[PDB]
$ cat coords.csv   # CSV, C-alpha atoms and all ligand atoms
chain,number,residue,atom,x,y,z
A,3,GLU,CA,92.9,129.6,107.8
A,4,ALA,CA,91.9,131.1,104.5
A,5,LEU,CA,89.3,130.1,102.0
A,6,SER,CA,90.6,127.3,99.7
A,7,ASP,CA,92.0,128.2,96.3
A,8,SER,CA,88.9,126.5,94.8
A,9,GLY,CA,86.7,129.0,96.8
A,10,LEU,CA,85.5,126.2,99.1
A,11,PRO,CA,86.0,126.3,102.9
A,12,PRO,CA,89.2,125.1,104.5
A,13,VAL,CA,89.3,121.6,106.1
A,14,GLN,CA,89.3,120.8,109.8
A,15,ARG,CA,91.5,117.9,110.8
A,16,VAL,CA,91.3,116.3,114.2
A,17,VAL,CA,93.9,113.7,115.2
A,18,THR,CA,93.8,111.4,118.2
A,19,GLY,CA,96.5,109.6,120.1
A,20,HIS,CA,97.6,108.2,123.4
A,21,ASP,CA,99.5,110.0,126.2
A,22,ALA,CA,102.2,108.8,128.4
A,23,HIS,CA,99.5,107.4,130.7
A,24,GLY,CA,98.0,105.3,128.0
A,25,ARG,CA,95.0,107.6,127.8
A,26,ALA,CA,93.1,108.6,124.6
A,27,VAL,CA,93.6,112.3,124.0
A,28,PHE,CA,93.6,114.9,121.2
A,29,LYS,CA,96.9,115.0,119.4
A,30,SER,CA,96.3,117.9,117.0
A,31,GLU,CA,93.7,120.1,115.4
A,32,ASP,CA,94.0,122.4,112.4
A,33,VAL,CA,91.9,124.2,109.8
A,34,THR,CA,93.8,124.3,106.5
A,35,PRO,CA,92.8,125.3,102.9
A,36,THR,CA,93.1,123.1,99.8
A,37,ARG,CA,95.8,124.7,97.5
A,38,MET,CA,96.1,125.0,93.8
A,39,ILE,CA,98.3,122.5,91.8
A,40,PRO,CA,100.5,123.9,89.0
A,41,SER,CA,98.1,122.9,86.2
A,42,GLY,CA,95.3,124.9,87.7
A,43,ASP,CA,92.8,122.0,87.3
A,44,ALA,CA,92.4,121.1,91.0
A,45,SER,CA,93.1,122.5,94.5
A,46,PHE,CA,94.2,119.8,97.0
A,47,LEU,CA,95.0,118.9,100.6
A,48,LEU,CA,96.9,115.9,102.0
A,49,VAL,CA,95.3,114.9,105.3
A,50,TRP,CA,97.1,111.7,106.4
A,51,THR,CA,99.2,108.8,105.3
A,52,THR,CA,100.4,105.5,106.9
A,53,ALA,CA,103.7,104.0,105.8
A,54,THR,CA,102.2,100.6,105.8
A,55,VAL,CA,98.9,98.7,105.7
A,56,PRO,CA,98.2,97.3,108.3
A,57,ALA,CA,98.9,100.7,109.9
A,58,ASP,CA,100.8,101.5,113.1
A,59,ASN,CA,99.1,103.3,115.9
A,60,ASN,CA,102.5,103.4,117.7
A,61,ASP,CA,103.9,105.6,114.8
A,62,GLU,CA,103.6,109.2,116.1
A,63,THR,CA,104.6,110.7,112.8
A,64,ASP,CA,102.3,113.4,111.3
A,65,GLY,CA,100.9,111.6,108.2
A,66,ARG,CA,100.9,114.9,106.4
A,67,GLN,CA,104.6,115.3,106.9
A,68,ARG,CA,105.8,111.7,106.2
A,69,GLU,CA,108.9,111.2,104.1
A,70,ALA,CA,108.3,109.4,100.8
A,71,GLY,CA,108.4,105.6,101.0
A,72,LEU,CA,109.5,102.9,98.5
A,73,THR,CA,106.4,101.1,97.3
A,74,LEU,CA,104.6,103.5,94.9
A,75,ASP,CA,101.1,103.9,96.5
A,76,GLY,CA,102.3,101.8,99.5
A,77,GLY,CA,100.4,102.1,102.8
A,78,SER,CA,97.4,104.5,102.9
A,79,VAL,CA,96.6,108.0,101.9
A,80,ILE,CA,93.7,110.3,102.6
A,81,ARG,CA,93.5,113.6,100.7
A,82,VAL,CA,90.9,116.1,99.7
A,83,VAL,CA,90.8,117.1,96.0
A,84,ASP,CA,88.7,120.1,94.7
A,85,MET,CA,88.1,119.6,91.0
A,86,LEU,CA,87.6,123.0,89.4
A,87,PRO,CA,84.7,123.8,87.0
A,88,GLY,CA,85.4,122.7,83.4
A,89,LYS,CA,88.5,120.9,84.4
A,90,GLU,CA,89.7,117.3,84.3
A,91,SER,CA,92.4,115.2,85.8
A,92,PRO,CA,95.0,113.2,83.8
A,93,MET,CA,93.9,109.7,83.0
A,94,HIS,CA,95.8,107.1,85.1
A,95,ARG,CA,95.8,103.8,87.0
A,96,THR,CA,97.3,103.1,90.4
A,97,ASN,CA,98.1,100.1,92.5
A,98,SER,CA,95.5,100.7,95.1
A,99,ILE,CA,91.8,100.4,96.0
A,100,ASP,CA,90.4,103.9,96.6
A,101,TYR,CA,87.3,105.0,98.4
A,102,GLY,CA,86.1,108.4,97.1
A,103,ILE,CA,83.4,110.4,98.8
A,104,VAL,CA,81.8,113.3,97.0
A,105,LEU,CA,81.5,116.1,99.7
A,106,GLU,CA,80.3,118.9,97.6
A,107,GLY,CA,79.1,119.2,94.0
A,108,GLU,CA,79.2,116.4,91.5
A,109,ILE,CA,81.7,114.7,89.3
A,110,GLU,CA,82.0,112.8,86.1
A,111,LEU,CA,84.1,109.6,86.4
A,112,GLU,CA,85.5,108.4,83.1
A,113,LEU,CA,87.1,104.9,82.7
A,114,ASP,CA,88.3,103.1,79.6
A,115,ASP,CA,87.0,103.6,76.1
A,116,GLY,CA,84.8,106.6,76.8
A,117,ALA,CA,82.8,104.9,79.6
A,118,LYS,CA,81.6,107.5,82.1
A,119,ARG,CA,79.0,108.4,84.7
A,120,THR,CA,78.2,111.0,87.2
A,121,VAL,CA,78.7,110.6,90.9
A,122,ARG,CA,76.4,113.0,92.7
A,123,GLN,CA,77.0,114.8,96.0
A,124,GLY,CA,77.1,112.3,98.9
A,125,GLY,CA,78.0,109.5,96.5
A,126,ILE,CA,80.8,107.0,97.0
A,127,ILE,CA,83.2,105.5,94.5
A,128,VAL,CA,85.0,102.1,95.0
A,129,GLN,CA,87.9,102.4,92.6
A,130,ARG,CA,89.3,98.9,92.1
A,131,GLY,CA,92.7,99.7,90.5
A,132,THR,CA,91.1,101.0,87.3
A,133,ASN,CA,92.3,103.4,84.7
A,134,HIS,CA,90.3,106.6,85.2
A,135,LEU,CA,90.0,110.4,85.1
A,136,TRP,CA,87.8,112.8,87.0
A,137,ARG,CA,85.9,115.6,85.1
A,138,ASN,CA,83.9,118.5,86.4
A,139,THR,CA,81.4,119.4,83.7
A,140,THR,CA,79.6,121.8,86.1
A,141,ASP,CA,80.0,125.5,86.9
A,142,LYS,CA,80.9,125.0,90.5
A,143,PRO,CA,83.8,123.2,92.2
A,144,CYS,CA,83.5,119.6,93.3
A,145,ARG,CA,85.2,118.4,96.5
A,146,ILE,CA,86.0,114.8,96.9
A,147,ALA,CA,87.7,113.0,99.8
A,148,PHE,CA,89.9,110.1,98.6
A,149,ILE,CA,91.3,107.2,100.6
A,150,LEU,CA,93.8,105.2,98.7
A,151,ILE,CA,94.9,101.8,100.0
A,152,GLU,CA,97.8,99.7,98.7
A,153,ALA,CA,97.0,96.7,96.5
A,154,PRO,CA,99.1,94.8,94.0
A,155,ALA,CA,99.0,95.4,90.4
A,156,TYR,CA,95.9,94.2,88.8
A,157,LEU,CA,96.4,90.9,87.0
A,158,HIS,CA,94.9,90.3,83.5
A,159,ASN,CA,95.3,86.7,82.3
A,160,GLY,CA,97.8,86.5,85.1
A,161,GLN,CA,99.9,89.4,83.9
A,162,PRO,CA,100.0,93.2,84.6
A,163,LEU,CA,98.2,95.5,82.2
A,164,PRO,CA,99.9,97.7,79.6
A,165,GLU,CA,100.4,101.4,80.4
B,3,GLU,CA,65.6,103.7,97.0
B,4,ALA,CA,63.9,105.3,99.9
B,5,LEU,CA,64.9,108.0,102.3
B,6,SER,CA,67.2,106.8,105.1
B,7,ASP,CA,65.8,105.9,108.5
B,8,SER,CA,67.7,109.0,109.7
B,9,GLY,CA,65.7,111.2,107.3
B,10,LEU,CA,68.8,111.8,105.2
B,11,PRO,CA,69.1,110.9,101.5
B,12,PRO,CA,70.1,107.4,100.4
B,13,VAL,CA,73.7,106.8,99.3
B,14,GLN,CA,74.9,106.2,95.7
B,15,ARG,CA,77.6,103.6,95.4
B,16,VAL,CA,79.6,103.2,92.2
B,17,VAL,CA,82.0,100.3,91.9
B,18,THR,CA,84.6,99.9,89.2
B,19,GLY,CA,86.3,96.8,87.8
B,20,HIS,CA,88.0,95.1,84.8
B,21,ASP,CA,86.3,93.1,82.1
B,22,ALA,CA,87.5,90.0,80.3
B,23,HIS,CA,89.4,92.2,77.9
B,24,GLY,CA,91.3,93.9,80.7
B,25,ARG,CA,89.3,97.2,80.3
B,26,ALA,CA,88.2,99.5,83.1
B,27,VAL,CA,84.4,99.4,83.3
B,28,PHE,CA,81.6,100.1,85.7
B,29,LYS,CA,80.9,96.9,87.8
B,30,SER,CA,77.8,98.1,89.8
B,31,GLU,CA,75.8,101.1,90.8
B,32,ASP,CA,73.1,101.4,93.5
B,33,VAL,CA,71.3,104.0,95.6
B,34,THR,CA,70.6,102.6,99.1
B,35,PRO,CA,69.3,104.0,102.4
B,36,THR,CA,71.1,103.9,105.7
B,37,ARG,CA,69.0,101.7,108.1
B,38,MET,CA,68.2,101.9,111.8
B,39,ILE,CA,70.2,99.7,114.3
B,40,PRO,CA,68.3,98.1,117.1
B,41,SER,CA,69.3,100.7,119.8
B,42,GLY,CA,67.7,103.5,117.7
B,43,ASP,CA,70.8,105.6,118.2
B,44,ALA,CA,72.1,105.5,114.6
B,45,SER,CA,71.1,104.5,111.1
B,46,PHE,CA,74.0,102.9,109.0
B,47,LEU,CA,75.1,101.5,105.7
B,48,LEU,CA,78.0,99.2,104.9
B,49,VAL,CA,79.6,100.3,101.6
B,50,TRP,CA,82.7,98.1,101.1
B,51,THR,CA,85.2,95.8,102.7
B,52,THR,CA,88.5,94.2,101.8
B,53,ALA,CA,89.4,90.9,103.4
B,54,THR,CA,93.0,92.1,103.7
B,55,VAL,CA,95.2,95.1,103.6
B,56,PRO,CA,96.9,95.4,101.1
B,57,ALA,CA,93.7,94.8,99.2
B,58,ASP,CA,93.1,92.6,96.1
B,59,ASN,CA,91.8,94.1,92.9
B,60,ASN,CA,91.5,90.5,91.6
B,61,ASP,CA,88.9,89.8,94.3
B,62,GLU,CA,85.6,90.2,92.5
B,63,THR,CA,83.6,89.8,95.8
B,64,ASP,CA,81.0,92.5,96.6
B,65,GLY,CA,82.5,94.1,99.7
B,66,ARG,CA,79.1,94.7,101.1
B,67,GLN,CA,78.4,90.9,101.0
B,68,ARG,CA,81.7,89.5,102.3
B,69,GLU,CA,81.7,86.7,104.8
B,70,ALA,CA,83.1,87.5,108.2
B,71,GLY,CA,86.9,87.0,108.5
B,72,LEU,CA,89.1,86.0,111.3
B,73,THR,CA,91.1,89.1,112.4
B,74,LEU,CA,88.7,91.4,114.3
B,75,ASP,CA,88.9,94.6,112.2
B,76,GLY,CA,91.1,92.9,109.7
B,77,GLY,CA,91.4,94.4,106.2
B,78,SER,CA,89.4,97.5,105.5
B,79,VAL,CA,85.9,98.8,105.9
B,80,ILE,CA,84.0,101.8,104.6
B,81,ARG,CA,80.6,102.5,106.1
B,82,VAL,CA,78.2,105.4,106.5
B,83,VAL,CA,76.8,106.2,110.0
B,84,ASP,CA,74.0,108.6,110.7
B,85,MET,CA,74.1,109.6,114.3
B,86,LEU,CA,70.6,110.7,115.4
B,87,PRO,CA,69.9,113.9,117.4
B,88,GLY,CA,70.5,113.6,121.1
B,89,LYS,CA,72.1,110.1,120.7
B,90,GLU,CA,75.5,108.7,121.4
B,91,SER,CA,77.4,105.6,120.4
B,92,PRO,CA,78.9,103.1,122.9
B,93,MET,CA,82.4,103.9,124.0
B,94,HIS,CA,85.0,101.6,122.5
B,95,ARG,CA,88.4,101.0,121.1
B,96,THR,CA,89.3,99.1,117.9
B,97,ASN,CA,92.5,97.7,116.4
B,98,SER,CA,92.5,100.1,113.5
B,99,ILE,CA,93.2,103.5,112.2
B,100,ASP,CA,90.1,105.2,111.0
B,101,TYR,CA,89.5,108.2,108.7
B,102,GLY,CA,86.1,109.8,109.5
B,103,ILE,CA,84.6,112.5,107.3
B,104,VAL,CA,81.7,114.5,108.4
B,105,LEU,CA,79.3,114.7,105.4
B,106,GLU,CA,76.4,116.5,107.0
B,107,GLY,CA,75.8,118.1,110.4
B,108,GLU,CA,78.3,118.1,113.2
B,109,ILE,CA,79.4,115.7,115.9
B,110,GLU,CA,81.0,115.6,119.3
B,111,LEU,CA,83.9,113.2,119.6
B,112,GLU,CA,84.6,112.1,123.2
B,113,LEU,CA,87.8,110.3,124.2
B,114,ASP,CA,89.1,109.3,127.6
B,115,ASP,CA,88.4,111.0,130.9
B,116,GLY,CA,85.7,113.4,129.5
B,117,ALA,CA,87.9,114.9,126.8
B,118,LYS,CA,85.8,116.0,123.9
B,119,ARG,CA,85.5,118.4,120.9
B,120,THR,CA,83.3,119.1,118.0
B,121,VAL,CA,84.0,118.1,114.4
B,122,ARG,CA,82.1,120.3,112.1
B,123,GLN,CA,80.7,119.6,108.7
B,124,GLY,CA,83.4,118.8,106.2
B,125,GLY,CA,85.8,117.9,109.0
B,126,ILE,CA,88.1,114.9,109.1
B,127,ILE,CA,89.0,112.7,112.1
B,128,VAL,CA,92.2,110.5,112.2
B,129,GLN,CA,91.3,108.0,114.9
B,130,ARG,CA,94.6,106.3,115.9
B,131,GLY,CA,93.2,103.2,117.8
B,132,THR,CA,91.8,105.3,120.6
B,133,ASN,CA,89.0,104.7,123.0
B,134,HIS,CA,86.1,107.0,121.9
B,135,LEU,CA,82.4,107.6,121.4
B,136,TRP,CA,80.4,109.8,119.0
B,137,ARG,CA,77.6,112.1,120.4
B,138,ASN,CA,75.1,114.2,118.5
B,139,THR,CA,74.2,117.1,120.7
B,140,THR,CA,72.4,118.9,117.9
B,141,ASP,CA,68.7,118.7,116.7
B,142,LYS,CA,69.6,117.3,113.3
B,143,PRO,CA,71.1,114.0,112.2
B,144,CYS,CA,74.9,113.9,111.5
B,145,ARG,CA,76.2,111.7,108.7
B,146,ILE,CA,79.8,110.5,108.8
B,147,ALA,CA,81.7,108.3,106.4
B,148,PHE,CA,84.1,106.0,108.2
B,149,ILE,CA,87.1,104.1,106.7
B,150,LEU,CA,88.6,101.6,109.1
B,151,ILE,CA,92.0,100.1,108.4
B,152,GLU,CA,93.6,97.2,110.2
B,153,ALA,CA,96.3,98.0,112.7
B,154,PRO,CA,97.8,96.0,115.6
B,155,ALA,CA,96.7,96.7,119.1
B,156,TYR,CA,98.1,99.8,120.5
B,157,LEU,CA,101.2,99.2,122.8
B,158,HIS,CA,101.5,101.1,126.0
B,159,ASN,CA,104.8,100.5,127.7
B,160,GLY,CA,105.1,97.6,125.3
B,161,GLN,CA,101.9,96.0,126.3
B,162,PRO,CA,98.2,96.1,125.2
B,163,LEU,CA,95.9,98.4,127.1
B,164,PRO,CA,93.1,97.3,129.6
B,165,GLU,CA,89.6,97.1,128.3
A,201,CL,CL,99.6,114.8,114.3
A,202,CL,CL,80.2,95.0,93.2
$ encode --input "coords.csv" --output "structure tokens"
Amino acid sequence: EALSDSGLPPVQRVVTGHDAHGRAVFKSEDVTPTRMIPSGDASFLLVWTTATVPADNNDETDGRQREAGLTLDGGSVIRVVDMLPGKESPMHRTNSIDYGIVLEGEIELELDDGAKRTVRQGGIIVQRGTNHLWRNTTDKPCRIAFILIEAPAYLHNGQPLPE
Amino acid sequence: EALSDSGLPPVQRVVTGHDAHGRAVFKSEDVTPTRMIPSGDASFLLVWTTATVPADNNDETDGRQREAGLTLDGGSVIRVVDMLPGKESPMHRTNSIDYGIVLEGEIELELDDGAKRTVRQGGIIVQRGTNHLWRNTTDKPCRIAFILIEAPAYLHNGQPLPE
């Protein structure tokens, strides 16, 4: 419980579960800052993961503390990413569909060949396994919640794309 | 493009995809209001669905317009729900893990046997297949983005729970 390294508020996480009596109860609650990555471009927080999709509500593991699996981008991931002003992410593609929700500020999404657009605060991105980067061209941080869900490699003319 | 029935702004949706040349491009963009459900308790918007998890980035279907599947709560769903002031949702349990993100306002999450707590703006809920309702005990609407991901029925002493 400190301000995030981006200068934005820490994030409350509330996790539910079942007790020994099969009742729905609160499992954990915490308020935790996003923290700076080495590049200094973004401040982030992992919130949860599932080892598989479909998920397992009999898996009592804390998703924030789960050992690394096999399948790159296997299962699901929810994290919070604070893009810092004047910064951008590395361009890349993943084997997933991602739902991105702009919580605070706004963000420039750039795809292939210079294509780009702005996603305003409250906006949602459906990222369908596309090559992209995120760029903050504003003077304030932008917070985005990302949910990444396993999908096979995208098939172009029945084959994987070049990286 | 009108104000939502909750009085909150409409929601921008940006969807990515691949073109015939295997390039990452923008597939669609829209700004759409949440709309009132018959009960008058909430105003909602479906954003996307996947028929399965893992998902399929070769499935060009608009997730907002996908025909109903077999598996109740099969695949994934992202929707926006605006809980109206002084209103609450029906209590229920689903076969899913859900990530909920409070975009605006705050919300009371109630589980079994009267257990409840407040999730503040910017807060995240990890709902692990638990019986719950959402209650807005404030004088302003509360907007929550929900992502629901297929999971088997929760097993208590190796058996499904009573409904
Ligand atoms: Cl936990
Ligand atoms: Cl679409």
$ residues_around --input "coords.csv" --residues "residue 105 of chain B" --least-positions-apart "6" --cutoff "6 Å" --atoms "all atoms listed in the file" --output "PyMOL selection string"
chain B and resi 124+145-146
$ interface_residues --input "coords.csv" --of "chain A" --to "chain B" --cutoff "7 Å" --atoms "all atoms listed in the file" --output "MDAnalysis selection string"
chainID A and resid 13:19 24:27 55:60 99 105 113:114 117 124:133 151:154 156:158
$ calpha_fit_and_write --input "coords.csv" --fixed "chain A" --moving "chain B" --output "CSV table (one decimal) with C-alpha atoms, in the coordinates of the input"
chain,number,residue,atom,x,y,z
B,3,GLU,CA,92.9,129.6,107.8
B,4,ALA,CA,91.9,131.1,104.6
B,5,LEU,CA,89.4,130.0,102.0
B,6,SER,CA,90.6,127.3,99.6
B,7,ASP,CA,92.0,128.2,96.2
B,8,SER,CA,88.9,126.5,94.9
B,9,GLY,CA,86.7,128.9,96.8
B,10,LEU,CA,85.5,126.2,99.1
B,11,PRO,CA,86.0,126.3,102.9
B,12,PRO,CA,89.2,125.1,104.5
B,13,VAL,CA,89.3,121.6,106.1
B,14,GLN,CA,89.3,120.8,109.8
B,15,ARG,CA,91.6,117.9,110.8
B,16,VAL,CA,91.4,116.3,114.2
B,17,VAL,CA,93.9,113.7,115.1
B,18,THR,CA,93.8,111.4,118.1
B,19,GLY,CA,96.5,109.6,120.1
B,20,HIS,CA,97.6,108.2,123.4
B,21,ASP,CA,99.5,110.0,126.2
B,22,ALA,CA,102.2,108.7,128.4
B,23,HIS,CA,99.6,107.4,130.8
B,24,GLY,CA,98.0,105.3,128.0
B,25,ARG,CA,94.9,107.6,127.8
B,26,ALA,CA,93.1,108.6,124.6
B,27,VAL,CA,93.6,112.3,124.0
B,28,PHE,CA,93.5,114.9,121.2
B,29,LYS,CA,97.0,115.0,119.5
B,30,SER,CA,96.3,117.9,117.0
B,31,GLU,CA,93.7,120.0,115.4
B,32,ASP,CA,94.0,122.4,112.4
B,33,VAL,CA,91.9,124.2,109.8
B,34,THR,CA,93.7,124.3,106.5
B,35,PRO,CA,92.9,125.3,102.9
B,36,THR,CA,93.1,123.1,99.8
B,37,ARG,CA,95.8,124.7,97.5
B,38,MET,CA,96.1,125.0,93.8
B,39,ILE,CA,98.3,122.5,91.8
B,40,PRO,CA,100.4,123.9,89.0
B,41,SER,CA,98.1,122.8,86.1
B,42,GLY,CA,95.2,124.9,87.7
B,43,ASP,CA,92.9,122.0,87.3
B,44,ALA,CA,92.4,121.2,91.0
B,45,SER,CA,93.1,122.5,94.4
B,46,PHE,CA,94.2,119.7,97.0
B,47,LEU,CA,95.1,118.9,100.6
B,48,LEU,CA,96.9,115.9,102.0
B,49,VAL,CA,95.3,114.9,105.3
B,50,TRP,CA,97.1,111.7,106.4
B,51,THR,CA,99.3,108.8,105.4
B,52,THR,CA,100.4,105.5,106.8
B,53,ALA,CA,103.7,104.1,105.8
B,54,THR,CA,102.2,100.6,105.7
B,55,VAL,CA,99.0,98.7,105.7
B,56,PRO,CA,98.2,97.4,108.3
B,57,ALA,CA,98.9,100.7,109.9
B,58,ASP,CA,100.8,101.5,113.2
B,59,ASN,CA,99.1,103.3,116.0
B,60,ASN,CA,102.6,103.4,117.7
B,61,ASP,CA,103.8,105.6,114.8
B,62,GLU,CA,103.6,109.1,116.2
B,63,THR,CA,104.6,110.7,112.8
B,64,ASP,CA,102.3,113.4,111.3
B,65,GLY,CA,100.9,111.7,108.3
B,66,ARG,CA,100.8,114.9,106.4
B,67,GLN,CA,104.6,115.3,106.9
B,68,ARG,CA,105.8,111.7,106.2
B,69,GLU,CA,108.9,111.1,104.1
B,70,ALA,CA,108.3,109.4,100.8
B,71,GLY,CA,108.4,105.6,100.9
B,72,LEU,CA,109.5,102.9,98.6
B,73,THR,CA,106.3,101.1,97.3
B,74,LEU,CA,104.5,103.5,94.9
B,75,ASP,CA,101.1,103.8,96.6
B,76,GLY,CA,102.3,101.8,99.5
B,77,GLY,CA,100.4,102.1,102.8
B,78,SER,CA,97.4,104.5,102.9
B,79,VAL,CA,96.6,108.0,101.9
B,80,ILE,CA,93.7,110.3,102.6
B,81,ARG,CA,93.5,113.5,100.7
B,82,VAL,CA,91.0,116.1,99.7
B,83,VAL,CA,90.7,117.2,96.0
B,84,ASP,CA,88.7,120.1,94.7
B,85,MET,CA,88.1,119.6,91.0
B,86,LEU,CA,87.5,123.0,89.4
B,87,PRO,CA,84.7,123.8,86.9
B,88,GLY,CA,85.3,122.7,83.4
B,89,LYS,CA,88.6,120.9,84.4
B,90,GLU,CA,89.7,117.3,84.3
B,91,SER,CA,92.4,115.2,85.8
B,92,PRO,CA,95.0,113.2,83.9
B,93,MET,CA,93.9,109.7,83.1
B,94,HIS,CA,95.8,107.1,85.1
B,95,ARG,CA,95.8,103.8,87.0
B,96,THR,CA,97.3,103.2,90.4
B,97,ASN,CA,98.1,100.1,92.5
B,98,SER,CA,95.4,100.6,95.0
B,99,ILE,CA,91.8,100.4,96.0
B,100,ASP,CA,90.4,103.8,96.6
B,101,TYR,CA,87.2,105.0,98.4
B,102,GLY,CA,86.1,108.4,97.0
B,103,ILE,CA,83.3,110.4,98.7
B,104,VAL,CA,81.8,113.3,97.1
B,105,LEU,CA,81.5,116.1,99.7
B,106,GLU,CA,80.2,118.9,97.6
B,107,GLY,CA,79.1,119.2,94.0
B,108,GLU,CA,79.2,116.4,91.5
B,109,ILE,CA,81.7,114.8,89.3
B,110,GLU,CA,82.0,112.8,86.1
B,111,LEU,CA,84.1,109.6,86.4
B,112,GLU,CA,85.5,108.4,83.1
B,113,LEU,CA,87.1,104.9,82.7
B,114,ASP,CA,88.3,103.1,79.6
B,115,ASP,CA,87.0,103.6,76.1
B,116,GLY,CA,84.8,106.6,76.8
B,117,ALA,CA,82.8,104.9,79.6
B,118,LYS,CA,81.6,107.5,82.0
B,119,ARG,CA,78.9,108.4,84.7
B,120,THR,CA,78.2,111.0,87.2
B,121,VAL,CA,78.7,110.6,91.0
B,122,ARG,CA,76.4,113.0,92.7
B,123,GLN,CA,76.9,114.7,96.0
B,124,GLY,CA,77.1,112.3,98.9
B,125,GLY,CA,78.1,109.5,96.5
B,126,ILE,CA,80.8,106.9,97.0
B,127,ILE,CA,83.2,105.5,94.4
B,128,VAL,CA,85.0,102.1,95.0
B,129,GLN,CA,87.9,102.4,92.5
B,130,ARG,CA,89.3,98.9,92.1
B,131,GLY,CA,92.8,99.7,90.5
B,132,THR,CA,91.2,101.0,87.3
B,133,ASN,CA,92.3,103.4,84.7
B,134,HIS,CA,90.2,106.6,85.2
B,135,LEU,CA,90.0,110.4,85.2
B,136,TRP,CA,87.8,112.8,87.0
B,137,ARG,CA,86.0,115.6,85.1
B,138,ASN,CA,83.9,118.6,86.4
B,139,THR,CA,81.4,119.4,83.8
B,140,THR,CA,79.5,121.7,86.1
B,141,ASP,CA,80.0,125.5,86.9
B,142,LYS,CA,80.9,124.9,90.5
B,143,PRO,CA,83.9,123.3,92.2
B,144,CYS,CA,83.5,119.6,93.3
B,145,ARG,CA,85.2,118.4,96.5
B,146,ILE,CA,86.0,114.8,96.9
B,147,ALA,CA,87.7,113.0,99.8
B,148,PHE,CA,89.9,110.2,98.6
B,149,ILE,CA,91.3,107.2,100.6
B,150,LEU,CA,93.9,105.2,98.7
B,151,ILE,CA,94.9,101.8,100.0
B,152,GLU,CA,97.8,99.7,98.8
B,153,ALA,CA,97.0,96.8,96.5
B,154,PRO,CA,99.1,94.8,94.1
B,155,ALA,CA,99.0,95.5,90.4
B,156,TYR,CA,95.9,94.2,88.8
B,157,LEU,CA,96.4,90.8,86.9
B,158,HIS,CA,94.9,90.3,83.6
B,159,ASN,CA,95.3,86.8,82.3
B,160,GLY,CA,97.8,86.5,85.1
B,161,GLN,CA,99.9,89.4,84.0
B,162,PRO,CA,100.1,93.2,84.6
B,163,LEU,CA,98.3,95.4,82.2
B,164,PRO,CA,99.9,97.8,79.6
B,165,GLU,CA,100.4,101.4,80.5
$ closest_residue --input "coords.csv" --among "B:40, B:66, B:53, B:6" --to "ligand CL 202 (chain A)" --atoms "all atoms listed in the file"
B:66
$ residues_around --input "coords.csv" --residues "residue 87 of chain B" --least-positions-apart "3" --cutoff "10 Å" --atoms "all atoms listed in the file" --output "list in words"
residues 8, 43, 44, 84, 90, 109, 137, 138, 139, 140, 141, 142, 143 and 144 of chain B
$ atom_distance --input "coords.csv" --atom1 "atom CL of ligand CL 201 (chain A)" --atom2 "atom CA of residue 34 of chain A"
13.6 Å
$ closest_residue --input "coords.csv" --among "A:10, A:35, A:46, A:63" --to "ligand CL 201 (chain A)" --atoms "only C-alpha atoms and all ligand atoms"
A:63
$ atom_distance --input "coords.csv" --atom1 "atom CA of residue 73 of chain B" --atom2 "atom CA of residue 47 of chain B"
21.3 Å
$ atom_distance --input "coords.csv" --atom1 "atom CA of residue 74 of chain B" --atom2 "atom CA of residue 150 of chain A"
21.4 Å
$ closest_residue --input "coords.csv" --among "A:3, A:94, A:36, A:64" --to "ligand CL 201 (chain A)" --atoms "only C-alpha atoms and all ligand atoms"
A:64
$ decode --input "coords.csv" --residues "segment 60-69 of chain A" --atoms "N, CA and C atoms" --output "short mmCIF file (atom, residue, chain, number, x, y, z; two decimals), in the first residue's frame"
data_model
loop_
_atom_site.label_atom_id
_atom_site.label_comp_id
_atom_site.auth_asym_id
_atom_site.auth_seq_id
_atom_site.Cartn_x
_atom_site.Cartn_y
_atom_site.Cartn_z
N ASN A 60 -11.53 -25.53 -8.54
CA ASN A 60 -11.00 -26.38 -7.43
C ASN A 60 -9.50 -26.24 -7.20
N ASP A 61 -8.91 -25.37 -8.01
CA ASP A 61 -7.50 -24.99 -7.89
C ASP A 61 -7.39 -23.77 -7.01
N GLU A 62 -6.87 -24.01 -5.81
CA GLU A 62 -6.81 -23.03 -4.72
C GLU A 62 -5.53 -22.20 -4.79
N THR A 63 -4.69 -22.46 -5.78
CA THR A 63 -3.50 -21.60 -6.02
C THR A 63 -3.82 -20.13 -6.20
N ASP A 64 -3.04 -19.28 -5.55
CA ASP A 64 -3.04 -17.84 -5.87
C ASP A 64 -2.44 -17.62 -7.26
N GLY A 65 -3.28 -17.08 -8.14
CA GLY A 65 -2.96 -16.91 -9.53
C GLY A 65 -1.78 -15.97 -9.75
N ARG A 66 -1.49 -15.18 -8.73
CA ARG A 66 -0.43 -14.19 -8.80
C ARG A 66 0.91 -14.87 -8.49
N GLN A 67 0.83 -16.08 -7.94
CA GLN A 67 2.01 -16.78 -7.46
C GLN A 67 2.13 -18.14 -8.09
N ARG A 68 1.59 -18.30 -9.27
CA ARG A 68 1.60 -19.59 -9.96
C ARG A 68 2.91 -19.78 -10.71
N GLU A 69 3.49 -20.96 -10.52
CA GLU A 69 4.66 -21.40 -11.28
C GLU A 69 4.38 -21.34 -12.77
#
